[PDB]
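Participant: Those protein sequence lines, which keep their order, are chains A and F. Start counting the first sequence at 925; every next residue gets the next number (the entry's author numbering). Start counting the second sequence at 129; every next residue gets the next number (the entry's author numbering). Handing you a structure now.
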Amino acid sequence: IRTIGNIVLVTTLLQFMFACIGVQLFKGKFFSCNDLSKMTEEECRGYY
Amino acid sequence: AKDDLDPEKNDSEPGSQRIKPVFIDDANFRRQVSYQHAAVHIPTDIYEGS
């Protein structure tokens with residue numbers, strides 16, 4: 925773990941960059957309701 | 129209607145406030161009834177408080 929510098933650097937830069945692209949694409953979009961009828965948090969109240 | 133009438137429950141959903149009524153027993157209705165107000169039936173999959 926001492927002869928991997930330039931390559932790991934390129935790789936950890938990649939991971940980070942993709943993480944950012946992911947945050948820009950899926951930020952606040954991984955929420956859902958129990959019954960996939962309600963699309964809002966206000967909607968998913970009560971019982972089904 | 130269709131809610132526990134036990135006083136110690138106290139669910140108190142937002143927007144709404146319930147009534148504990150007194151429920152005399154009756155004839156012409158073969159069930160206990162209250163003549164001071166009307167009950168409300170909400171169906172089950174419908175949320176109340178919407």
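Beta carbons: idealized from backbone N, C-alpha and C, even for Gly.
Leaving out five residues on either side along the sequence, give the residues of the same chain with a beta carbon under 7 Å from the beta carbon of F:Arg146.
Facilitator: For the purposes of this step, residue 146 of chain F is taken as residue 18 along the second sequence, with counting starting at 1. Here the set comprises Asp131.
Participant: Name the residue from A:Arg969, A:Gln948, A:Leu949 and A:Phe950 whose alpha carbon lies nearest to the alpha carbon of A:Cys957.
Facilitator: Locating residue 957 of chain A in the first sequence gives position 33, counting from the first residue. Of the listed residues, the one whose Cα sits closest to A:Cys957 is A:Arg969.
Participant: Give me the residue from F:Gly143, F:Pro142 and F:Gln160 with the minimum Cα distance to F:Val150.
Facilitator: Position 22 of the second sequence holds residue 150 of chain F. Considering only alpha carbons, the answer is F:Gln160.
Participant: Quick check on F:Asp131 - is its C-beta less than 8 Å from some C-beta in chain A?
Facilitator: In the second sequence, the residue the question calls residue 131 of chain F occupies position 3. Judged by the 8 Å Cβ criterion, F:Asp131 is not in contact with chain A.
Participant: Report yes if the CB atom of F:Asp139 is closer than 8 Å to the CB atom of A:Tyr971, and no otherwise.
Facilitator: Along the second sequence, read from residue 1 onward, the residue named residue 139 of chain F stands at position 11. Along the first sequence, read from residue 1 onward, the residue named residue 971 of chain A stands at position 47. Not closer than 8 Å, so no.
Participant: Rounding to the nearest angstrom, what Cα-Cα distance links A:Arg926 and A:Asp959 in this structure?
Facilitator: Taking the first residue of the first sequence as position 1, residue 926 of chain A is located at position 2. Taking the first residue of the first sequence as position 1, residue 959 of chain A is located at position 35. If you take the alpha carbons of A:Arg926 and A:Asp959, they lie about 52 Å apart.
Participant: Is the shortest distance between the beta-carbon of A:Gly970 and the beta-carbons of chain F less than 8 Å?
Facilitator: To locate residue 970 of chain A, count along the first sequence from 1; it is residue 46. A:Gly970 counts as touching chain F.
Participant: Have a look at F:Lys137, F:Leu133, F:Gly143 and F:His165 and flag the residue whose alpha-carbon is nearest the alpha-carbon of F:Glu176.
Facilitator: Residue numbering aside, residue 176 of chain F sits at position 48 when the second sequence is read from its first letter. Cα-wise, what sits closest to F:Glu176 is F:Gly143.
Participant: Could you check whether the Cβ of F:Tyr163 sits closer than 8 Å to any Cβ belonging to chain A?
Facilitator: Along the second sequence, one-based indexing puts residue 163 of chain F at 35. By this cut-off, F:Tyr163 is not an interface position.
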